[PDB]
Amino acid sequence: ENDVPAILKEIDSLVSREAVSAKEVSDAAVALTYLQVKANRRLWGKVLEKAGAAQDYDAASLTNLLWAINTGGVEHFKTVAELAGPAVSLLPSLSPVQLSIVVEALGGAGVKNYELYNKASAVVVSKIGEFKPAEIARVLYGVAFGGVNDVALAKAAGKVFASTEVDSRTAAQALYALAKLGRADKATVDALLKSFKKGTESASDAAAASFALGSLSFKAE
Amino acid sequence: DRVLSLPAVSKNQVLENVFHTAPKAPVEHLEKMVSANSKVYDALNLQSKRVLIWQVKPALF
């Protein structure tokens, strides 16, 4: 009764029909990351085929989709970069916890959308207290990897990382974003560097803080 | 001149004024739209052997 390949065929027949909506293609993508379906590429292809076809898109289904694209490690530039059309129209409609997932997924894929990151950084500095420290790092990872050298956000994120100390995975995203911006601010790197001997749980954030320190050439930890 | 009391319009000229146009068959609308909808079946069905769905929307693999 615990059927994982028989539920892949039931997801495959959900996205192979004719009028899949946004919520049915969000939850098909969310179910493919929780099931860890890197081996089936065509089933991930049928989901992103319907993700471009889906026209309505509320705030919750767009961020569930973009979370699943980012977490699952699936990249298709044409599909993800056209999901920045829903995002710039749902951007005042987005939660502060949801705007961090949109800009991290659209930024991490390299979507060159200057209208998105200008409005999504002007929101995150207009309400800087409304964002938790993991959300200000996700936006900072997005605006940095989306090709925007927004140092107004990198200062406002630096004041947050000095006032409250952050999680290990929160800091290593913030180090990776500042490494690509090439900032090497001693005031803020060392405020994020103390988060790494409380115990880190992933190796991906130990390796990314490793990369971000060496690229800014600070020293090992 | 008995021939001048006969009707001057010929039997030929009746048969070409009464049967002026070759009439449209009942079946020529079927077998002309069917052969044209067989191209709508071919290109646009999803069970045809020559669908355009992989030519116009290429599959993400």
# chains A, B, ... in the order shown; residues from 1 in each chain; ligands from 1
>>> closest_atom_pairs(of="segment 30-133 of chain A", to="segment 51-58 of chain B", cutoff="12 Å", atoms="only C-alpha atoms", output="Markdown table")
| residue | atom | partner | partner_atom | distance |
| --- | --- | --- | --- | --- |
| A:45 | CA | B:58 | CA | 10.6 |
| A:46 | CA | B:58 | CA | 11.0 |
| A:49 | CA | B:57 | CA | 9.0 |
| A:50 | CA | B:57 | CA | 11.3 |
| A:52 | CA | B:57 | CA | 11.4 |
| A:53 | CA | B:57 | CA | 10.8 |
>>> residues_around(residues="segment 163-174 of chain A", least_positions_apart="5", cutoff="6 Å", atoms="only C-alpha atoms", output="list in words")
residues 134, 137, 192, 195, 196, 200, 205 and 209 of chain A
>>> residues_around(residues="residue 74 of chain A", least_positions_apart="5", cutoff="12 Å", atoms="only C-alpha atoms", output="JSON list (two decimals) with N, CA and C atoms, in the first residue's frame")
[["chain", "number", "residue", "atom", "x", "y", "z"],
["A", 29, "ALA", "N", 4.66, 19.08, -8.68],
["A", 29, "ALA", "CA", 6.08, 19.36, -8.54],
["A", 29, "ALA", "C", 6.54, 19.20, -7.11],
["A", 32, "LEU", "N", 7.12, 15.68, -6.28],
["A", 32, "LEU", "CA", 8.25, 15.03, -6.93],
["A", 32, "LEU", "C", 9.56, 15.34, -6.24],
["A", 33, "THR", "N", 9.61, 16.37, -5.40],
["A", 33, "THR", "CA", 10.82, 16.61, -4.63],
["A", 33, "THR", "C", 10.81, 15.84, -3.33],
["A", 36, "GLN", "N", 11.80, 12.62, -4.21],
["A", 36, "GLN", "CA", 13.20, 12.62, -4.67],
["A", 36, "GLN", "C", 13.36, 11.87, -6.00],
["A", 37, "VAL", "N", 12.84, 12.48, -7.06],
["A", 37, "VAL", "CA", 12.58, 11.81, -8.34],
["A", 37, "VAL", "C", 13.58, 12.35, -9.36],
["A", 38, "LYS", "N", 14.85, 12.42, -8.98],
["A", 38, "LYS", "CA", 15.88, 12.79, -9.95],
["A", 38, "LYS", "C", 16.06, 11.79, -11.08],
["A", 39, "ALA", "N", 15.65, 10.54, -10.90],
["A", 39, "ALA", "CA", 15.94, 9.55, -11.93],
["A", 39, "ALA", "C", 15.02, 9.66, -13.13],
["A", 40, "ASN", "N", 13.80, 10.13, -12.92],
["A", 40, "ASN", "CA", 12.81, 10.26, -13.98],
["A", 40, "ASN", "C", 12.84, 11.70, -14.47],
["A", 41, "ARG", "N", 13.48, 11.92, -15.62],
["A", 41, "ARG", "CA", 13.60, 13.26, -16.15],
["A", 41, "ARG", "C", 12.38, 13.65, -16.97],
["A", 42, "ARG", "N", 11.74, 12.68, -17.62],
["A", 42, "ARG", "CA", 10.59, 12.99, -18.45],
["A", 42, "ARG", "C", 9.40, 13.41, -17.60],
["A", 43, "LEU", "N", 9.25, 12.81, -16.42],
["A", 43, "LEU", "CA", 8.17, 13.22, -15.53],
["A", 43, "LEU", "C", 8.40, 14.61, -14.98],
["A", 44, "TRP", "N", 9.65, 15.00, -14.78],
["A", 44, "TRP", "CA", 9.91, 16.38, -14.42],
["A", 44, "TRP", "C", 9.71, 17.29, -15.62],
["A", 45, "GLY", "N", 9.87, 16.75, -16.83],
["A", 45, "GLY", "CA", 9.63, 17.54, -18.01],
["A", 45, "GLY", "C", 8.17, 17.79, -18.28],
["A", 47, "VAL", "N", 5.99, 18.21, -15.99],
["A", 47, "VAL", "CA", 5.52, 19.17, -15.00],
["A", 47, "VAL", "C", 5.91, 20.57, -15.41],
["A", 48, "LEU", "N", 7.13, 20.76, -15.90],
["A", 48, "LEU", "CA", 7.50, 22.10, -16.32],
["A", 48, "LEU", "C", 6.90, 22.46, -17.67],
["A", 65, "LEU", "N", 5.58, 25.96, -6.40],
["A", 65, "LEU", "CA", 6.23, 25.47, -7.60],
["A", 65, "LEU", "C", 7.69, 25.86, -7.62],
["A", 66, "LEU", "N", 7.98, 27.12, -7.32],
["A", 66, "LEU", "CA", 9.35, 27.62, -7.39],
["A", 66, "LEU", "C", 10.21, 27.03, -6.29],
["A", 67, "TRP", "N", 9.62, 26.70, -5.14],
["A", 67, "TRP", "CA", 10.33, 25.92, -4.14],
["A", 67, "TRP", "C", 10.71, 24.56, -4.67],
["A", 68, "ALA", "N", 9.81, 23.91, -5.39],
["A", 68, "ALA", "CA", 10.06, 22.55, -5.84],
["A", 68, "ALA", "C", 11.06, 22.51, -6.97],
["A", 69, "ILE", "N", 11.08, 23.54, -7.81],
["A", 69, "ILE", "CA", 12.07, 23.64, -8.86],
["A", 69, "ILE", "C", 13.45, 23.85, -8.26],
["A", 79, "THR", "N", 11.25, 27.89, -18.74],
["A", 79, "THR", "CA", 10.07, 27.74, -17.90],
["A", 79, "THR", "C", 10.15, 28.62, -16.67],
["A", 80, "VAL", "N", 11.31, 28.65, -16.02],
["A", 80, "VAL", "CA", 11.46, 29.38, -14.78],
["A", 80, "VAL", "C", 11.47, 30.88, -15.04],
["A", 105, "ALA", "N", 14.40, 31.41, -5.90],
["A", 105, "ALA", "CA", 14.31, 30.45, -6.99],
["A", 105, "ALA", "C", 14.51, 31.12, -8.33],
["A", 108, "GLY", "N", 18.32, 32.26, -8.22],
["A", 108, "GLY", "CA", 19.23, 31.14, -8.31],
["A", 108, "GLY", "C", 19.26, 30.47, -9.66],
["A", 109, "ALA", "N", 18.25, 30.71, -10.49],
["A", 109, "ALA", "CA", 18.24, 30.18, -11.84],
["A", 109, "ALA", "C", 18.81, 31.15, -12.85],
["B", 60, "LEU", "N", 9.82, 18.37, -23.19],
["B", 60, "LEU", "CA", 10.91, 18.53, -22.24],
["B", 60, "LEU", "C", 11.34, 17.18, -21.73],
["B", 61, "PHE", "N", 12.54, 16.76, -22.07],
["B", 61, "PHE", "CA", 13.02, 15.49, -21.59],
["B", 61, "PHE", "C", 14.09, 15.63, -20.52]]
>>> select_by_dssp(residues="segment 55-187 of chain A", states="alpha helix (DSSP H)", output="VMD selection string")
chain A and resid 59 to 72 77 to 81 84 to 89 96 to 108 114 to 126 133 to 145 151 to 163 168 to 181 186 to 187
